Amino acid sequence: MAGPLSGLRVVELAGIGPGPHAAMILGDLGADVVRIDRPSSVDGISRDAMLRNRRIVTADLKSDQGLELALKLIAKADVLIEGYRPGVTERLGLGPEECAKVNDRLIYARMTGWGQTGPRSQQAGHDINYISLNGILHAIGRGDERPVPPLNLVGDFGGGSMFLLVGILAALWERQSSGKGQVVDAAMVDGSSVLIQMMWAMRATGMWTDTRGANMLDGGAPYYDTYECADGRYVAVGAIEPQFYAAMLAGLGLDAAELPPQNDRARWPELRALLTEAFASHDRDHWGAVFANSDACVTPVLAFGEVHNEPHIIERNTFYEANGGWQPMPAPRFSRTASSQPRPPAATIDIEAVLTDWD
């Protein structure tokens, strides 16, 4: 198995959203990942590409034998991932303390939205809920409209799976000097708050307000926003630095002397109207051409179905073909121990086989 995490052994108790994602990335980077699902759900080779780089086994964890088989896996592993509500693994007899008896070296990684304790800790929830409570969701969207969810990228993945990964891998490093595992408590409401630390920094220096649509990076700034083009497609402009901003104006054909200052916020509506008219006068592809090799920070906004046709994407092999279609290659990339292309979701294998394999 190629990648820096060759020889890492991971047991994943099947769940949804962040835990599978973290498991995936571990797998991507060459960890040996064994996913325990319940026999009721698994039937067929799974067509969820998020289950790439896995061995799937079934086991009724509520049975004596299913529990037993699972504790045998965990005894042989470096990391356990679970994404259930607090208390769930404990009642299965798979809680931290039961695991520490069979393996004091285990990294015990708990992925929740609300955390291990506190008043919301038993509430069901999804991404949109976790980001609503800590200020993030309120800050996203246009000012005249209700907030819009940024898919499930910020709570589940950015502020979720990624912090679970950082914790699993930091704990493995700590283990090298201590000889011992420990519990990683990754809550999406926490991770996503660190994810957005820059806004909390800016609010304290009076450089970010709670008004939606009125900030440098939320779409309020005319030089950091999307613009509709003559063909109804979009460009993105991200020209924060005055040098880049100047370059954009020149390529739009706009004389900086006729315009309000870049950062005079009271005249942003006026500046935006001038840029809107300019961008609207040619199609997206025209602007992509005009600004190629430029520091103007103007890029075409591609839909998923167009990404395979973009030279920069193709030539760096950001994607590989599978399946129905394209999927992202592992990230990040490593010079010496490089990841390989992901292995598609495997047939269900028997849990005893795995134990043989793992002695």
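Residue positions are given as counts along the sequence shown, with the first one as 1.
Asker: Do at least a third of the other compared PDB entries leave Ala296 without coordinates?
Answerer: Counting only entries that model residues on both sides, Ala296 is resolved in every one of them.
Asker: Does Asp43 go missing in at least one third of the other entries compared here?
Answerer: Other entries vs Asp43: at least a third skip it.
Asker: Can you tell me which stretch has the higher mean Cα B-factor, 54-62 or 309-317?
Answerer: Taking the mean B-factor of the alpha carbons in each, 54-62 is higher.
Asker: On average, which has the higher Cα B-factor in the deposited entry, 273-281 or 99-107?
Answerer: Taking the mean C-alpha B-factor of 273-281 and of 99-107, the larger value falls to 99-107.
Asker: Based on what the PDB entry reports, which of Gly324, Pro328, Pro332, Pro300 has the top C-alpha B-factor?
Answerer: If I rank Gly324, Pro328, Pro332, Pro300 by C-alpha B-factor, first place goes to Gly324.
Asker: In terms of recorded Cα temperature factor, pick the maximum from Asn152, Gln176, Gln197, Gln116.
Answerer: Spelled out: the listed residue with the top C-alpha B-factor is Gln176.
Asker: Can you work out whether the C-alpha temperature factor of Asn215 puts it in the lowest, middle or highest third of the chain?
Answerer: Middle third - that is where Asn215 ends up once the chain's C-alpha B-factors are sorted.
Asker: Can you tell me which third, lowest, middle or highest, the CA B-factor of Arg233 falls into for its chain?
Answerer: Lowest third.
Asker: Quick check for you: using the entry's CA B-factors within this chain, is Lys180 in the lowest, middle or highest third?
Answerer: As the PDB entry reports it, the C-alpha B-factor of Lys180 lands in the highest third of its chain.
Asker: Would you please rank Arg120 by its C-alpha temperature factor against the other modelled residues of its chain and give the third it falls in: lowest, middle or highest?
Answerer: Within its chain, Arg120 is a lowest-third residue by C-alpha B-factor, going by the deposited values.
Asker: For the chain shown, is the CA B-factor of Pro344 in the lowest, middle or highest third of its modelled residues?
Answerer: According to the entry, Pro344 has a C-alpha B-factor in the chain's highest third.
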